[PDB]
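# Chain and residue survey
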Amino acid sequence: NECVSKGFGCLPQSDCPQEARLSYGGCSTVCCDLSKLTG
């Protein structure tokens, strides 16, 4: 889990925009960052 290593979460296919999606396979359908909450 690439996203879990990097400390990120996992969002649904509707709430994660195409700008916030990560380049990794750290989830089971899509992975999204959490950096918008910190800034």
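Look above for the structure.
### Examining the state of the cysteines
Counting across every chain of the model gives 3 disulfides. With a sulfur-sulfur separation of 2.0 Å, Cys 3 is cross-linked through a disulfide to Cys 31. On the S-S bond that ties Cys 3 to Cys 31, the torsion sits near -130 degrees, and the link is left-handed. Of the two residues, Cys 3 is situated in helix α1 (residues 2–5) and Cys 31 in the loop between α1 and α2 (35–38); the sequence distance between them amounts to 28 residues. Judged by its relative accessible area of 4%, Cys 31 is buried. Disulfide partner of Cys 10: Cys 27, at an S-S distance of 2.0 Å. Of this pair, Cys 10 sits in the loop between α1 and α2 while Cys 27 sits in the loop between α1 and α2, and the two are 17 residues apart along the sequence. The cystine pairing of the chain, numbering bonded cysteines in sequence order, is 1-5, 2-4, 3-6.

### Section: the side chain of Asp 33
Note that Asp 33 resides in the loop between α1 and α2. Among buried charged residues, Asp 33 stands out as having no salt bridge; its nearest opposite-charge side chain is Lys 36, 5.3 Å away. Look past the residues within four positions of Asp 33 in its chain and what remains in contact with it is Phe 8, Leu 11, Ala 20 and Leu 22.

### Structural notes on the environment of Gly 39
Within the secondary structure layout, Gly 39 lies in the segment after α2. Classification of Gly 39 by relative accessible area gives exposed; the value is 82%. Separated by 14 residues in the primary sequence, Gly 39 and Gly 25 place their C-alpha atoms 24 Å from one another.

Scoring rules and cut-offs
Residues numbered from 1 in each chain as written, not as in the entry; some residues may be left out. Heavy atoms only, no water. Disulfide = S-S within 2.5 Å. Helix = DSSP H or I, 4+ residues; strand = E, 2+ residues; numbered from the N terminus. Buried < 20%, exposed > 50% of the residue type's maximum accessible area, 1.4 Å probe, protein only. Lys, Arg positive; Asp, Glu negative; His and termini not counted. Salt bridge = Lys/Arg side-chain N within 4 Å of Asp/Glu carboxyl O. Contact = heavy atoms within 4.5 Å.

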